[PDB]
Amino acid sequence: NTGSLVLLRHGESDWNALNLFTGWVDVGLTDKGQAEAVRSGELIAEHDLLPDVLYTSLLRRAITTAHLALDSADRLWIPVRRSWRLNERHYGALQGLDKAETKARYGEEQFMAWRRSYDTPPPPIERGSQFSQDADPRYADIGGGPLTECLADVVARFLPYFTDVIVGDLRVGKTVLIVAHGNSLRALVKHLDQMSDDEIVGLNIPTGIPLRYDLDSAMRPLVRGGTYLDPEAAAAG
């Protein structure tokens, strides 16, 4: 068997609650976000999808979600690997700004572009500014990381991790759990279902509902778009 691949997007963070652009800013989960993660773990267990290995980003809202999920699934003991390549998109100079206030100041057109352009990133964040990560030691091996990203950049930096590290696990039949972010999971779905640049821009992935991919020998999905474990909950839009 090619192993099952389970994707999970973390739930509500503190900055989600404040309605701020977060990006690589390392904020925590709200109480609700923590409760969602626990249920995530129940769903996984309820559908007989116990992971053999866990992949996360370097961001605590994904790492804690993963912890809580595995705790509820009774699989805390399994191996885990973490990579910046699973991080959320870097939001550049938007990091720390209010979304509502931003939409107003620049309008819906610039807003939507910033949020949803595939090829065009926001302005670069200022090095060593309050909400920049360029001085964080976790990014020293990449020279502090990018100053901004668009989804096309996420795709480019995510995919090497997937092919070089995770695919190997699936190939030998392991069930893989990936806990990460809207943009990095959108990047992976774009690759798995071989989606176009404009098709991927309309893709929404809901929080806290595990998404199961059943792959073939070629790492090709058996079911395009995968299968959510709670379709009606997924279905909130």
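Note that residue numbering follows the sequence shown and begins at 1.
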So 60-68 or 200-208, which one's hotter by mean CA B-factor in the entry?
200-208
Per the PDB record, is the mean Cα temperature factor higher over 123-131 or over 105-113?
105-113
Per the coordinate record, which of the options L185, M195, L29, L170 holds the highest CA temperature factor?
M195
Using only modelled residues of the chain, where does the Cα B factor of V38 rank: lowest third, middle third or highest third?
middle
Hey, what third does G11 fall into on Cα B-factor, ranked over its chain?
middle
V80: which third of its chain by C-alpha temperature factor?
lowest
Quick check on the deposited entry: does the C-alpha B-factor of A93 sit in the lowest, middle or highest third of its chain?
middle
Check where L215 lands among this chain's C-alpha B-factors and tell me if it's the lowest, middle or highest third.
highest
